[PDB]
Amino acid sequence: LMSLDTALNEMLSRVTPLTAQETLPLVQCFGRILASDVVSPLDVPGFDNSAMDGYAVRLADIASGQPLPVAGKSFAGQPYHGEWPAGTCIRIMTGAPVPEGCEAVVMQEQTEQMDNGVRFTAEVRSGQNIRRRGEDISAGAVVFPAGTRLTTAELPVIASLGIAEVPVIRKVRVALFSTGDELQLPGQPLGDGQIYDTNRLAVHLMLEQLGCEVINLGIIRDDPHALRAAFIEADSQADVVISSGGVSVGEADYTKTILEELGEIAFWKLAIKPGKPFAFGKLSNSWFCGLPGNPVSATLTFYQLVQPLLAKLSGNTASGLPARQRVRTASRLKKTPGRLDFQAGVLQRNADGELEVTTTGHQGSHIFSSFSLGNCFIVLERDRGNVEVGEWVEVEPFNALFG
């Protein structure tokens, strides 16, 4: 009854990104969100240099027309010192500094090398094949803006500018608990109507891999006072609080009354498959997210709702959510109009190099295995019905959380 998208944006419009920052050495900023625009201390490149292996010339000399002896050679790591007489060129290598008074570089493959000179015949435009100081980064220039997530792509660039450390937004603190007598810890006899609690583990893993900082409170004892205390404990110390399962997502019970006691909190019936319900709202100093019980629904939910929430919340400017790709099926697909169906696919290249998807086999909520077997989602459109082979189809690869 609610489009995933609508749900998402309401979530995101209520949410203010963290601002508390801390300064760290680059080596510790993997995954981390720039707190402040980084600015260049230096010009990149630092000095005018040769775009090619060729020869440094002055337009005057070219016009003269005669072959130009080589008076010297500038290299990557040794500029040409000393006399550069009219009538001569300087042999130059890609990257090497252009000598004092140089008007142009001529790629060697435009030239004839001879007894007593380099013979130039192509017109030479002033400035050709020189890279001018700062043309790739001027000093003073923003190089990565605040809100950039830091990666092997950025951090060495920053190191290259002589920068030892940068300010990043502080990790998001996220507290985690489940509740329910059914739930059992690994080790104990599986009791009567009892099962091993796996959602908490799942959510823990994804939180950490999302660069969050998890305060895992564990299974709360089947009791209002115990539960109430846990909400207080968590909202005192964290930005986000997640019920991984047990706490009502609409169904009336003491859990529900404690939520409506401690906060203003929605219960949404999302139009998706798998799963449906989701709780979200504001505790005193935290956002609350309650996942359904069922392992699949919980997972899909966390990954499609909570991930983004945290991403915005972290200070990250870009969507943390991977991008999607139009592609064809190598498999008939069942889909009922009504829900936004996230089914598992195998995205892989076919015989002719073409990328295609393949159903993983059975796709219920009573087996979890279609996250290992899968390597991507197949986001079939809400209204869209069944899907005969070779159809255009939206595909969303699994990020790191699953491999």
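Start at 1 with the first residue shown and count on from there.
- For the segment pair 290-298 and 250-258, the entry gives 250-258 the higher mean B-factor, averaged over Cα atoms.
- The question of which stretch, 342-350 or 65-73, has the higher mean Cα B factor is settled in favour of 342-350.
- Going by the entry's values, 361 shows the largest Cα B-factor out of 54, 361, 31, 41.
- In this structure the maximum Cα B-factor among 317, 108, 304, 325 is found at 325.
- For residue 144, the recorded CA B-factor ranks within the lowest third of the chain. Only modelled residues enter the ranking.
- Among the modelled residues of its chain, residue 80 has a C-alpha B-factor that falls in the highest third, as given in the PDB entry.
- For residue 170, the recorded CA B-factor ranks within the lowest third of the chain. Only modelled residues enter the ranking.
- In this PDB entry, the Cα temperature factor of residue 282 sits in the middle third of its chain's modelled residues.
- When all modelled residues of the chain are sorted by CA temperature factor, residue 329 is found within the highest third.
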